[PDB]
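Residue strings, one per chain:
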Amino acid sequence: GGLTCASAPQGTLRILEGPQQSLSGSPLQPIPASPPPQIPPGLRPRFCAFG
Amino acid sequence: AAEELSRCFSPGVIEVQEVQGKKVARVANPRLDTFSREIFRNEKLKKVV
């Protein structure tokens, strides 16, 4: 138990978690565009001129 | 063109009728028209009325 000074280390291992990327890199999934306003069907001339 | 003329007016003023089998248009009771003036947006038929 003299606890002498040992030599300098050769290198460094570093352990850390890696993320999973099987999900991302996929084609994007955007929010679907709301439709442009379309005229309602069944619009008729309700007003007829008097006389 | 008679059907376009019938639709560019109020329902009732243009009587489109099959005389020969072909359709011709005539004014029938022009009191019904509201002057929407929609015939003036049809470029071909704004010269015939």
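Header annotation of the entry names cryo-EM as the structure determination method and lists the resolution as 2.7 Å.

J.: Even after reading the chapter, I still don't get the layout of surface pockets, so can you show me in this structure?
T.: The gaps of empty space that remain are located by a probe, the size of a water molecule, rolled over the atoms. Quantified by volume, the largest pocket comes out at close to 160 Å³. In this structure, the largest pocket is lined by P45, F47, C48 and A49 of chain A together with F9, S10, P11, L32, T34 and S36 of chain B. Per-class residue counts for the lining of the largest pocket are 7 nonpolar, 3 polar and no charged.

J.: Help me out: how do you make sense of the nonpolar core in this one?
T.: What tends to happen in soluble globular proteins is that the nonpolar side chains get buried as a cluster. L5, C8, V13, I14, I39 and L45 of chain B together form the largest nonpolar core, which totals 6 residues. Once residues lying within four places of it in the same chain are set aside, the contact partners of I39 of chain B are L5, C8, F9, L45, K46 and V49 of chain B.

J.: Even after reading the chapter, I still don't get the state of the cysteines, so can you show me in this structure?
T.: Two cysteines, two sulfur atoms, one covalent bond between them: this is a disulfide. In the structure shown here, the tally under the stated rule is 0 disulfides over all chains. In this model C8 of chain B remains outside any disulfide bridge; the closest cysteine sulfur is found in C48 of chain A, 20 Å from its own. A residue is classified by how much of its surface remains accessible, and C8 of chain B, at 13% relative accessible area, is buried.

Conventions we followed
Residues numbered from 1 in each chain as written, not as in the entry; some residues may be left out. Chains lettered and ligands numbered in written order. Part of a larger assembly, values for the part shown. Heavy atoms only, no water. 1 Å grid on protein atoms, 1.4 Å probe; cavity = no way out; pocket = protein on both sides within 12 Å on 5 of 7 lines; lining within 4 Å. Points joined across faces, edges and corners; volume = space filled by probe spheres on them. Nonpolar A, V, L, I, M, F, W, Y, C, P; charged D, E, K, R; others polar. Core = buried A, V, L, I, M, F, W, Y, C linked by side-chain atoms within 4.5 Å. Buried < 20%, exposed > 50% of the residue type's maximum accessible area, 1.4 Å probe, protein only. Contact = heavy atoms within 4.5 Å. Disulfide = S-S within 2.5 Å.

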